[PDB]
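Participant: Submitted below is the structure of interest, expressed as structure tokens.
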Amino acid sequence: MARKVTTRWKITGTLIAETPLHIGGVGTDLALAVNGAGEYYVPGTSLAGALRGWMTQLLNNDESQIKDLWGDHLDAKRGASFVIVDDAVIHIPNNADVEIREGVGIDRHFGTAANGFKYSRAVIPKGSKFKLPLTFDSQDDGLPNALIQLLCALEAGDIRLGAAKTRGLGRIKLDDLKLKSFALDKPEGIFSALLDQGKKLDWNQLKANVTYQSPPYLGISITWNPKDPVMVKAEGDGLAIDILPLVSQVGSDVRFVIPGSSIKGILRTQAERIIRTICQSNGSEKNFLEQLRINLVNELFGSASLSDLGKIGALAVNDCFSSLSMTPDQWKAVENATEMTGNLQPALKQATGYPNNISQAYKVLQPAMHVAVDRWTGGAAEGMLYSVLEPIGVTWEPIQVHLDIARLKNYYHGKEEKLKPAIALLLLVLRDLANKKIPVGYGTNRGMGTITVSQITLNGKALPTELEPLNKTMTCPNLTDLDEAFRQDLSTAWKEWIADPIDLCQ
Amino acid sequence: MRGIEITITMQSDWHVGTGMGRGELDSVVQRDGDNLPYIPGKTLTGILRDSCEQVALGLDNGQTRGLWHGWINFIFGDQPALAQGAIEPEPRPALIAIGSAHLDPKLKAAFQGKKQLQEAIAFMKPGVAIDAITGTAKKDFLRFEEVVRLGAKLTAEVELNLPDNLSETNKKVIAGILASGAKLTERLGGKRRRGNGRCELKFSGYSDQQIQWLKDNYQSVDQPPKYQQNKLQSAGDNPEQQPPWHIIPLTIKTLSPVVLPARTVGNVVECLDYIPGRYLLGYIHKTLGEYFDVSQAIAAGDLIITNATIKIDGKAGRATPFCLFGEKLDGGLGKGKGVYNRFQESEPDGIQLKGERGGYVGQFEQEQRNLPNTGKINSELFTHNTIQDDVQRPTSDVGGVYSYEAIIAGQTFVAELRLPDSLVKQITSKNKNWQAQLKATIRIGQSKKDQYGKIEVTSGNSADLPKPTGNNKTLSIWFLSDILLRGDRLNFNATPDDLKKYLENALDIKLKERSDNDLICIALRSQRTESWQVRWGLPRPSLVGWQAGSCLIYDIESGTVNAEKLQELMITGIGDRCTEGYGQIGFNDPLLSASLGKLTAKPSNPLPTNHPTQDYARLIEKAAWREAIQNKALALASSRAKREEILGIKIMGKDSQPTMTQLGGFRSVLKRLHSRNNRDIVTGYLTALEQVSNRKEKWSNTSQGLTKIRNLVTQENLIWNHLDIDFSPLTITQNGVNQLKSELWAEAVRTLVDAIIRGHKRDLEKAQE
Amino acid sequence: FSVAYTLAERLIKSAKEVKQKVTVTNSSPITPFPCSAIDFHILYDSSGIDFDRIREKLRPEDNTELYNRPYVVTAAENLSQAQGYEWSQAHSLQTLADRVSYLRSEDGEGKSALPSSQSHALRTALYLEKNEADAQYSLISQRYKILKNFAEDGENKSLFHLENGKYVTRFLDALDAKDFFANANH
């Protein structure tokens, strides 16, 4: 006989990239996984580990329940996985291609691009689709709870795929989920498997009939607007405009983007600055890698895997896209524009959606000239004339920050009392973000990058009772919407850690 | 019923593994004798069997043993290694032989000579374990697996040797099961559960019609019929044997690997380097058994089929004489020098000698003045597993894996069928063209139903009989085959005085050992043969004697030696089981008489355009070209002079010409170059650069970069001149180069420009660091 | 293990070729000079299982050997008075262990100084015509400068050096033996 299967489940749907995605291949970070046809794809090994990884965090590392689904080469009773995860070709939407994210580390002393810390990453664009390609062999007459929980997590968008998960990327969501049952224990089900494409299950029934359980996390959704123009710089100069906003493909459109790499790094910088102040510790002597290694920031933001102190960040930040979008050729018309008062004005009128109103167009995207003035003569230091397309009236989607509370617990060894100094730092950083102390993107000392924060929504799932006061929507920048007994509670654990700034992580 | 095929179409990248990696690779795929990926027939039977067992479970309502599971043991044979206790029925063989699945022969013909493309059929897949705590790549769990590109269409020859009395309804049951089990197969090979090896498996001539018939009829099937052997039959009507003998040469070519068990030892079978004559007996029955009573001839000794030994000089290679010795440091037949015939040559002064052992030698003559040509048989070790079906993995390395040595395909062997004139007259009277019937393709030996045993047999024109020189001074004996002799108690034996007695009786002479001290008289080695007897159902008795290559020379003490009798012994063989090629003997051969110490040894197709695999070939081509372009680009871009040569950009001490924002600006334009039709966007951008001085002046400190960029984009040839790749090793499609150049032009340009800009900015930073 | 030992016999017979190459100066008759040597094989799946087939599979052209064996284990100091001293250094095991160290070594990123993807491309190149093999070696060593240490011609432009009229290379030995120098005596 073969392996005895009671019901085979074909479990299918469309996984959509909710952020860009990068899954790497052998052949800096410009090699994306490609199948033998050279098409970009999700390897089933990489999707399985995402799904298996999530279930492992769900089930508190109960290895037995995991190995009962995902298999085990060691246990004499187990062997092969009962989940099959197929490879899925990525359908990048029309008029879109792989993008390259260019970035840099910022020296914490000088505040400038650290030498030797430039990086490039190729990313499958947002809105790209690939099949959910799952088969489950059941050896009993049901469907496993943890597998139902996994499918709920996929529909919730809770599972991350690929690289740079904490720093902009990896978010996927499942749609069109279909479950097909084949009773391979029975003749009708085997011939159905051969001929009839299976008994349909309404997912909405089972999805209603059990409570979805996430592992602990705190969602932070920051509703913000540019107080002054906020952009990341595009790496290439335009023809009419030197400094252009970074755009990214989002479905069939392009949108302006602030990478979650940029928001992560500014938040990390403020975290590290607060700790070094409390310790009065100087990072002027240290090199960039040394400047980053500090307590409580190495867990919320991660440490590089150097042989190991490497850690993934418990805190993950999405790429934030503008509410404005453009057709790809509309933005190319702006990029190609050769004359600021020539063909740029049509192109900007089109892209902002105000083809007949140059006033309303420039209330969204404003070209700005900058000139350096000679101190001795008072003349424009010509050659030091440059132009910026300032997104003065670009509206942005809320910044999505995800604190993996389960990740912090593993770092702190399950004891949630250690969480409070990390939570305290995170709230102190959000207090600075809400008080305009953390500018974002290009040109922050040069008239750009200050943001208003209207609202911080803290959305904890499965939080411990002592952090349950975090489930709040804040509109005071100083966090007085958080219970004062809870803020005093955090403040006491914070002050205790300050007294002995030890490494929680033991 | 051969002529059925299975087609496998690989729908995802696929990995039939070898259980190991090599060097930088942690897993490598199996490759056939052409170095191409394939699915071995043992893998293909296992996957197809497993799926027919999935169907059987459904039809048996989950009963693990039952009527429909018995149908799998009918179709695929019993699995006696798993059964325990007193199973009384003999194990059923399979009704289905499934070959290995190979790529289309024209596609494999295209790959001949193109080692770079042969590697390009596969690519590296990374695998890494992530630490569940830190979420980081767990180092030394970084792993690279070779996987074969999807789109492969592979085909295996299938033979259904159905029982000749099988009911027409039961034929439809077998066809129905196989169609059904083929349909249910979705995966094969390594990492099935993680998306490798997705496939469609289709029999030729089995469709949903065969599935639908079973669905309509399965409830009224019964147990399959009981297995019985095809028994021998004998009439006894053969004529008595009369000289002359006829020697019919048989050329055997290996088409698959062939396992010819030398010794079976736990989970490994070692293979011979020759085909024993007993493997051809079933072919002799099948082809000639209607013309005379073959079994009677065997019993009477009217039939000899020799061993098939490697063809050398156009003849059967002869087992290297053990009387030959090499100089231990610098000589031997493999080194082609320092080979002494110790029957004739003293051991040299101060030089120690190693006896020769294996291999085969070509023809030799008394005054050849060159060493005889050597022949070598290429054998490879093949490794297989059994999957324990509940865990779907091998149950351990020790008892889950097994290995066969096999003689690899493409090797040529010569046997001889020898028949007396009595039978040849009878055969020719019944069929004048009977030698035409000796041409056949047959599967021989161990595991012959799977990936093993496929041989072509061809018959040659009747050979001349051996003509040994009758010398009354000495008798020289060369064992061309293993000699099996009964002792005087009819046990098998290793006493050469019995062979001395046997010869002098058989020749009616008297023999004496060669008495010199500086020479050797006797060079035998023992041989033990541990075969099966398939008709017995039980092992054959162990046969002991002397291995081929064993040599001895005698002085004739008295009596003339009859050249006619030496010829007859050289035909019939001596000792036991000569009918199947034991006992083959060379008398008075010049190679055993020579002094040799001074001698030395002598010194693709392009794929048709309409061909169905052209889509798959084009896949391998594009991969090979893309990797060549990208590697050559990264070589070029690594050097400051070539970056300036191709794009004019240069580093002047510490600042780049032009600034990186001009390179980023251009690079953000060139990414819109999807095809040659888009090139006006790129040359359009260059116009607007050079249209205005403020832009023009930034590039004007380059080495003419804006013209160089315009040339690279406007001239379809220029990218290929800069890359300067020879794409002839990387193409196999007819007109492939022209089609691939037009298809990959925009990508190759984009690849090179991006590489140059990257290399420039890497050095620019290195100048600033 | 039957077959494996038969190969170890043929490997030691190969290792003993030091007896012809490394000899006591002015000895009459020529005598071998005490020189330890190793020959080894790792039995990868399609590598052959008998010595002559193994080595034949490593001769992609009759001018070329993808092996540089045996490896001398005697220290270079103790051989200096022998004939064939220069031969012993071309065949020194230390030369293999160095090349294996370079393959195992890492860059400042903690990535390998030669990636597997490039190692595998060099494995493929070694089976090409020597001008194609040397062309590939030029391209990859422009990009990964650690490969200069793997050059053997002294002109720093080939993985092969000429030896008794054959082009031979240590590089495939290093790729194969990469994981077989484990030690644990540091």
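For the structure tokens, the naming scheme is as follows: chains receive sequential letters (A, B, ...) according to their order of presentation, residues are indexed from 1 within each chain, and ligands are indexed from 1 in presentation order.
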Determine, counting only C-alpha atoms, which protein, DNA and RNA residues have an atom within 12 Å of an atom of residue 129 (chain C); residues of the same chain fewer than 6 positions away are not included. Present the result as an NGL selection string.

Facilitator: (:B and (113-116 or 729)) or (:C and (59-65 or 135-136 or 160 or 167))

Participant: As a short mmCIF file (atom, residue, chain, number, x, y, z; two decimals) with C-alpha atoms, in the first residue's frame, which residues of region 37-130 of chain C does DSSP assign to strand (DSSP E or B)?

Facilitator:
```
data_model
loop_
_atom_site.label_atom_id
_atom_site.label_comp_id
_atom_site.auth_asym_id
_atom_site.auth_seq_id
_atom_site.Cartn_x
_atom_site.Cartn_y
_atom_site.Cartn_z
CA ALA C 37 52.44 10.68 -0.18
CA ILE C 38 48.65 10.44 -0.27
CA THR C 64 44.28 17.49 -19.86
CA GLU C 65 44.08 15.90 -16.40
CA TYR C 71 50.06 14.64 -2.77
CA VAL C 72 53.42 14.63 -1.00
CA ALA C 82 66.30 14.57 -3.01
CA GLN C 83 66.05 14.44 -6.75
CA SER C 92 52.88 18.94 -2.01
CA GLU C 106 35.13 34.10 4.08
CA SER C 112 32.51 32.91 1.25
#
```

Participant: Give me the chain A side of the contact with chain C, cut-off 10 Å, one line per residue showing its nearest atom pair and distance in Å at one decimal, counting only C-alpha atoms, sorted by chain and residue number, as a tab-separated table.

Facilitator:
```
residue	atom	partner	partner_atom	distance
A:26	CA	C:117	CA	7.0
A:27	CA	C:117	CA	7.2
A:305	CA	C:110	CA	8.9
A:306	CA	C:110	CA	6.9
A:307	CA	C:110	CA	7.4
```

Participant: For N, CA, C and O atoms, I'd like the residues from the last selection saved as a CSV table (one decimal), in the first residue's frame.

Facilitator:
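The resulting file, result_34.csv, is reproduced below:
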```
chain,number,residue,atom,x,y,z
A,26,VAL,N,20.3,32.0,-5.7
A,26,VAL,CA,21.8,32.0,-5.7
A,26,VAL,C,22.3,33.0,-6.7
A,26,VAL,O,23.1,33.9,-6.4
A,27,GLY,N,21.8,33.0,-7.9
A,27,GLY,CA,22.3,33.9,-9.0
A,27,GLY,C,21.2,34.7,-9.7
A,27,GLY,O,21.5,35.3,-10.7
A,305,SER,N,23.7,39.5,11.5
A,305,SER,CA,24.1,38.2,11.7
A,305,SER,C,25.6,38.1,11.4
A,305,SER,O,25.9,37.9,10.2
A,306,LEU,N,26.4,38.3,12.4
A,306,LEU,CA,27.8,38.3,12.3
A,306,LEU,C,28.4,37.3,13.2
A,306,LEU,O,28.2,37.3,14.4
A,307,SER,N,29.2,36.4,12.7
A,307,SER,CA,29.8,35.3,13.5
A,307,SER,C,31.1,35.7,14.1
A,307,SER,O,32.2,35.2,13.7
```

Participant: Pick out the chain B residues within 6 Å of chain A. Count only C-alpha atoms. Give them as a ChimeraX atom specification.

Facilitator: /B:50,53-54,58-59,61-62,126,133-135,149-150,193-195,389-393,619,661,664-665,769

Participant: Could you pull the residues within 7 Å of region 571-580 of chain B, counting only C-alpha atoms, minus those fewer than 2 positions along the same chain, as a VMD selection string?

Facilitator: chain B and resid 277 to 278 298 301 303 to 306 483 to 485 567 to 569 582 to 585

Participant: Using only C-alpha atoms, I'd like a table of the residues in chain C that come within 10 Å of chain B; for each, show the closest atom pair and its distance in Å rounded to one decimal, ordered by chain and ascending number, as JSON lines.

Facilitator:
```
{"residue": "C:2", "atom": "CA", "partner": "B:270", "partner_atom": "CA", "distance": 9.8}
{"residue": "C:3", "atom": "CA", "partner": "B:270", "partner_atom": "CA", "distance": 8.8}
{"residue": "C:13", "atom": "CA", "partner": "B:329", "partner_atom": "CA", "distance": 8.1}
{"residue": "C:14", "atom": "CA", "partner": "B:329", "partner_atom": "CA", "distance": 9.1}
{"residue": "C:16", "atom": "CA", "partner": "B:329", "partner_atom": "CA", "distance": 7.8}
{"residue": "C:17", "atom": "CA", "partner": "B:329", "partner_atom": "CA", "distance": 6.8}
{"residue": "C:18", "atom": "CA", "partner": "B:329", "partner_atom": "CA", "distance": 9.6}
{"residue": "C:19", "atom": "CA", "partner": "B:329", "partner_atom": "CA", "distance": 7.7}
{"residue": "C:20", "atom": "CA", "partner": "B:329", "partner_atom": "CA", "distance": 7.2}
{"residue": "C:29", "atom": "CA", "partner": "B:350", "partner_atom": "CA", "distance": 8.7}
{"residue": "C:42", "atom": "CA", "partner": "B:22", "partner_atom": "CA", "distance": 9.3}
{"residue": "C:43", "atom": "CA", "partner": "B:22", "partner_atom": "CA", "distance": 9.6}
{"residue": "C:44", "atom": "CA", "partner": "B:22", "partner_atom": "CA", "distance": 6.6}
{"residue": "C:45", "atom": "CA", "partner": "B:18", "partner_atom": "CA", "distance": 6.4}
{"residue": "C:46", "atom": "CA", "partner": "B:380", "partner_atom": "CA", "distance": 7.0}
{"residue": "C:47", "atom": "CA", "partner": "B:380", "partner_atom": "CA", "distance": 8.1}
{"residue": "C:48", "atom": "CA", "partner": "B:380", "partner_atom": "CA", "distance": 5.7}
{"residue": "C:49", "atom": "CA", "partner": "B:380", "partner_atom": "CA", "distance": 6.4}
{"residue": "C:50", "atom": "CA", "partner": "B:379", "partner_atom": "CA", "distance": 8.1}
{"residue": "C:52", "atom": "CA", "partner": "B:334", "partner_atom": "CA", "distance": 8.8}
{"residue": "C:53", "atom": "CA", "partner": "B:378", "partner_atom": "CA", "distance": 6.7}
{"residue": "C:54", "atom": "CA", "partner": "B:378", "partner_atom": "CA", "distance": 9.9}
{"residue": "C:103", "atom": "CA", "partner": "B:24", "partner_atom": "CA", "distance": 9.4}
{"residue": "C:110", "atom": "CA", "partner": "B:139", "partner_atom": "CA", "distance": 10.0}
{"residue": "C:115", "atom": "CA", "partner": "B:24", "partner_atom": "CA", "distance": 8.5}
{"residue": "C:116", "atom": "CA", "partner": "B:24", "partner_atom": "CA", "distance": 5.1}
{"residue": "C:117", "atom": "CA", "partner": "B:124", "partner_atom": "CA", "distance": 7.5}
{"residue": "C:118", "atom": "CA", "partner": "B:24", "partner_atom": "CA", "distance": 9.3}
{"residue": "C:119", "atom": "CA", "partner": "B:24", "partner_atom": "CA", "distance": 6.7}
{"residue": "C:120", "atom": "CA", "partner": "B:24", "partner_atom": "CA", "distance": 6.7}
{"residue": "C:121", "atom": "CA", "partner": "B:116", "partner_atom": "CA", "distance": 9.2}
{"residue": "C:123", "atom": "CA", "partner": "B:23", "partner_atom": "CA", "distance": 9.4}
{"residue": "C:124", "atom": "CA", "partner": "B:116", "partner_atom": "CA", "distance": 6.7}
{"residue": "C:125", "atom": "CA", "partner": "B:116", "partner_atom": "CA", "distance": 7.9}
{"residue": "C:127", "atom": "CA", "partner": "B:115", "partner_atom": "CA", "distance": 7.4}
{"residue": "C:128", "atom": "CA", "partner": "B:115", "partner_atom": "CA", "distance": 7.2}
{"residue": "C:132", "atom": "CA", "partner": "B:726", "partner_atom": "CA", "distance": 9.9}
{"residue": "C:136", "atom": "CA", "partner": "B:632", "partner_atom": "CA", "distance": 8.9}
{"residue": "C:138", "atom": "CA", "partner": "B:635", "partner_atom": "CA", "distance": 8.3}
{"residue": "C:139", "atom": "CA", "partner": "B:635", "partner_atom": "CA", "distance": 5.1}
{"residue": "C:140", "atom": "CA", "partner": "B:635", "partner_atom": "CA", "distance": 6.7}
{"residue": "C:141", "atom": "CA", "partner": "B:635", "partner_atom": "CA", "distance": 8.3}
{"residue": "C:142", "atom": "CA", "partner": "B:635", "partner_atom": "CA", "distance": 5.7}
{"residue": "C:143", "atom": "CA", "partner": "B:635", "partner_atom": "CA", "distance": 5.6}
{"residue": "C:144", "atom": "CA", "partner": "B:635", "partner_atom": "CA", "distance": 9.3}
{"residue": "C:172", "atom": "CA", "partner": "B:23", "partner_atom": "CA", "distance": 9.0}
{"residue": "C:173", "atom": "CA", "partner": "B:23", "partner_atom": "CA", "distance": 9.5}
{"residue": "C:174", "atom": "CA", "partner": "B:23", "partner_atom": "CA", "distance": 8.6}
{"residue": "C:175", "atom": "CA", "partner": "B:23", "partner_atom": "CA", "distance": 5.2}
{"residue": "C:176", "atom": "CA", "partner": "B:23", "partner_atom": "CA", "distance": 4.6}
{"residue": "C:177", "atom": "CA", "partner": "B:23", "partner_atom": "CA", "distance": 7.1}
{"residue": "C:178", "atom": "CA", "partner": "B:23", "partner_atom": "CA", "distance": 6.3}
{"residue": "C:179", "atom": "CA", "partner": "B:23", "partner_atom": "CA", "distance": 7.4}
{"residue": "C:180", "atom": "CA", "partner": "B:23", "partner_atom": "CA", "distance": 9.9}
```

Participant: List the spatial neighbours of region 213-218 of chain A as a PyMOL selection string - criterion: any atom at most 9 Å away, only C-alpha atoms, same-chain residues fewer than 4 positions off excluded.

Facilitator: chain A and resi 54-55+57-60+149+152-153+158+401-407+458-464+470-471

Participant: At a cut-off of 12 Å, using only C-alpha atoms, what residues contact residue 208 (chain B)? Leave out same-chain residues fewer than 6 positions from it and give the result as a PyMOL selection string.

Facilitator: (chain A and resi 191+194-196) or (chain B and resi 175-184+202+214-216)

Participant: Any chance you could export the current selection's N, CA and C atoms as a short mmCIF file (atom, residue, chain, number, x, y, z; two decimals), in the first residue's frame?

Facilitator:
```
data_model
loop_
_atom_site.label_atom_id
_atom_site.label_comp_id
_atom_site.auth_asym_id
_atom_site.auth_seq_id
_atom_site.Cartn_x
_atom_site.Cartn_y
_atom_site.Cartn_z
N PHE A 191 -12.34 8.03 -7.71
CA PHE A 191 -12.76 8.36 -9.06
C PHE A 191 -13.06 9.84 -9.21
N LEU A 194 -9.80 11.26 -9.93
CA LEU A 194 -9.38 10.99 -11.29
C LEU A 194 -10.16 11.80 -12.31
N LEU A 195 -11.40 12.18 -11.99
CA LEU A 195 -12.30 12.68 -13.02
C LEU A 195 -13.00 14.00 -12.71
N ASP A 196 -13.36 14.25 -11.45
CA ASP A 196 -14.47 15.16 -11.13
C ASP A 196 -14.09 16.45 -10.42
N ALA B 175 -5.47 -2.20 -17.73
CA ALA B 175 -5.45 -0.92 -18.42
C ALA B 175 -6.13 0.18 -17.61
N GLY B 176 -7.25 -0.16 -16.97
CA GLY B 176 -7.95 0.80 -16.13
C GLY B 176 -7.15 1.25 -14.92
N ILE B 177 -6.53 0.30 -14.22
CA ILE B 177 -5.68 0.65 -13.08
C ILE B 177 -4.52 1.52 -13.51
N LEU B 178 -3.81 1.10 -14.55
CA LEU B 178 -2.61 1.83 -14.95
C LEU B 178 -2.94 3.23 -15.42
N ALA B 179 -4.00 3.37 -16.22
CA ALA B 179 -4.49 4.70 -16.57
C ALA B 179 -4.82 5.51 -15.33
N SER B 180 -5.53 4.90 -14.39
CA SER B 180 -5.94 5.57 -13.16
C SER B 180 -4.75 5.93 -12.29
N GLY B 181 -3.80 5.01 -12.12
CA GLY B 181 -2.63 5.32 -11.32
C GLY B 181 -1.72 6.35 -11.96
N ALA B 182 -1.59 6.31 -13.29
CA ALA B 182 -0.85 7.35 -14.00
C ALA B 182 -1.46 8.72 -13.78
N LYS B 183 -2.79 8.81 -13.94
CA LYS B 183 -3.51 10.06 -13.74
C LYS B 183 -3.30 10.64 -12.34
N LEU B 184 -3.36 9.81 -11.31
CA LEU B 184 -3.23 10.29 -9.95
C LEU B 184 -1.82 10.74 -9.60
N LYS B 202 1.54 10.22 -18.54
CA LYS B 202 0.52 9.69 -19.42
C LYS B 202 1.04 8.47 -20.16
N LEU B 214 -13.20 1.29 -15.59
CA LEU B 214 -13.04 0.79 -14.23
C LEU B 214 -14.09 1.36 -13.28
N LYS B 215 -14.31 2.67 -13.32
CA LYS B 215 -15.39 3.27 -12.55
C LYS B 215 -16.73 2.60 -12.84
N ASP B 216 -16.99 2.28 -14.11
CA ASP B 216 -18.21 1.57 -14.48
C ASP B 216 -18.20 0.12 -14.00
#
```

Participant: Suppose you want the space between CA of residue 570 (chain B) and CA of residue 467 (chain B); what is it in Å?

Facilitator: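 Those two atoms sit 8.6 Å apart.
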
Participant: Which neighbours of residue 338 (chain B) fall inside 8 Å, counting only C-alpha atoms, when residues of the same chain fewer than 6 positions from it are skipped, and could you give them as a PDB file with C-alpha atoms, in the first residue's frame?

Facilitator:
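Result file follows (around_35.pdb):
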```
ATOM      1  CA  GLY B 326      54.059  -5.641 -15.072  1.00  0.00           C
ATOM      2  CA  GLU B 327      56.982  -3.739 -13.666  1.00  0.00           C
ATOM      3  CA  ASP B 330      56.523   1.871 -14.248  1.00  0.00           C
ATOM      4  CA  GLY B 331      55.046  -1.045 -16.208  1.00  0.00           C
ATOM      5  CA  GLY B 332      52.062  -3.283 -16.872  1.00  0.00           C
ATOM      6  CA  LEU B 596      57.078  -9.296 -24.401  1.00  0.00           C
ATOM      7  CA  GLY B 597      59.481  -7.465 -22.092  1.00  0.00           C
ATOM      8  CA  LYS B 598      60.761  -5.284 -24.929  1.00  0.00           C
ATOM      9  CA  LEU B 599      57.382  -4.635 -26.555  1.00  0.00           C
ATOM     10  CA  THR B 600      55.161  -1.607 -26.052  1.00  0.00           C
TER      11      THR B 600
END
```

Participant: So how many Å separate CA of residue 243 (chain B) and CA of residue 319 (chain B), to one decimal?

Facilitator: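 Here the two named atoms are 27.9 Å from each other.
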
Participant: Rank B:271, B:713, B:651, B:740 by their smallest atom-to-atom distance to residue 446 (chain B), using only C-alpha atoms, and report the top residue only.

Facilitator: B:271

Participant: Smallest atom-to-atom distance to residue 374 (chain B): which of B:265, B:601, B:660, B:511, using only C-alpha atoms?

Facilitator: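 Ranked by minimum distance to residue 374 (chain B), first place goes to B:601.
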
Participant: Need the shell around residue 474 (chain A): protein/DNA/RNA residues with any atom at most 9 Å away, counting only C-alpha atoms. Skip same-chain ones fewer than 4 positions apart. Format as a list in words?

Facilitator: residues 454, 455, 456, 457, 458, 478, 479, 480, 481 and 482 of chain A

Participant: Could you write out that same residue set with N, CA and C atoms as a PDB file, in the first residue's frame?

Facilitator:
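This went into out_7.pdb:
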```pdb
ATOM      1  N   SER A 454      -1.648  62.326  13.400  1.00  0.00           N
ATOM      2  CA  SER A 454      -3.008  62.564  13.852  1.00  0.00           C
ATOM      3  C   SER A 454      -3.422  61.548  14.899  1.00  0.00           C
ATOM      4  N   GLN A 455      -2.997  60.308  14.727  1.00  0.00           N
ATOM      5  CA  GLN A 455      -3.561  59.208  15.480  1.00  0.00           C
ATOM      6  C   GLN A 455      -2.583  58.051  15.453  1.00  0.00           C
ATOM      7  N   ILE A 456      -2.404  57.416  16.603  1.00  0.00           N
ATOM      8  CA  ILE A 456      -1.705  56.147  16.698  1.00  0.00           C
ATOM      9  C   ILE A 456      -2.702  55.126  17.209  1.00  0.00           C
ATOM     10  N   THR A 457      -2.989  54.125  16.391  1.00  0.00           N
ATOM     11  CA  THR A 457      -3.861  53.032  16.778  1.00  0.00           C
ATOM     12  C   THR A 457      -2.991  51.860  17.193  1.00  0.00           C
ATOM     13  N   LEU A 458      -3.117  51.459  18.445  1.00  0.00           N
ATOM     14  CA  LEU A 458      -2.404  50.311  18.980  1.00  0.00           C
ATOM     15  C   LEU A 458      -3.380  49.145  19.023  1.00  0.00           C
ATOM     16  N   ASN A 478       1.569  62.828  23.576  1.00  0.00           N
ATOM     17  CA  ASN A 478       2.288  62.437  24.777  1.00  0.00           C
ATOM     18  C   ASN A 478       1.769  61.169  25.423  1.00  0.00           C
ATOM     19  N   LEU A 479       0.919  60.413  24.734  1.00  0.00           N
ATOM     20  CA  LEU A 479       0.473  59.090  25.156  1.00  0.00           C
ATOM     21  C   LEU A 479      -0.386  59.110  26.408  1.00  0.00           C
ATOM     22  N   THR A 480      -1.032  60.226  26.718  1.00  0.00           N
ATOM     23  CA  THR A 480      -1.908  60.252  27.878  1.00  0.00           C
ATOM     24  C   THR A 480      -3.220  59.514  27.663  1.00  0.00           C
ATOM     25  N   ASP A 481      -3.501  59.021  26.459  1.00  0.00           N
ATOM     26  CA  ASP A 481      -4.594  58.074  26.273  1.00  0.00           C
ATOM     27  C   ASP A 481      -4.290  56.702  26.840  1.00  0.00           C
ATOM     28  N   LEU A 482      -3.024  56.374  27.042  1.00  0.00           N
ATOM     29  CA  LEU A 482      -2.658  55.189  27.801  1.00  0.00           C
ATOM     30  C   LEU A 482      -2.906  55.392  29.287  1.00  0.00           C
TER      31      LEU A 482
END
```

Participant: What gap, in Å, lies between CA of residue 177 (chain A) and CA of residue 157 (chain A)?

Facilitator: 13.0 Å

Participant: Would you mind writing down, as number ranges by chain, each residue of chain C that DSSP on the backbone assigns to helix (DSSP H, G or I)?

Facilitator: C: 2-15, 18-21, 51-57, 76-79, 85-90, 93-104, 116-126, 130-143, 145-150, 171-177

Participant: Pick out the closest residue to residue 308 (chain B) from this set: B:27, B:495, B:251, B:693. Count only C-alpha atoms.

Facilitator: B:251
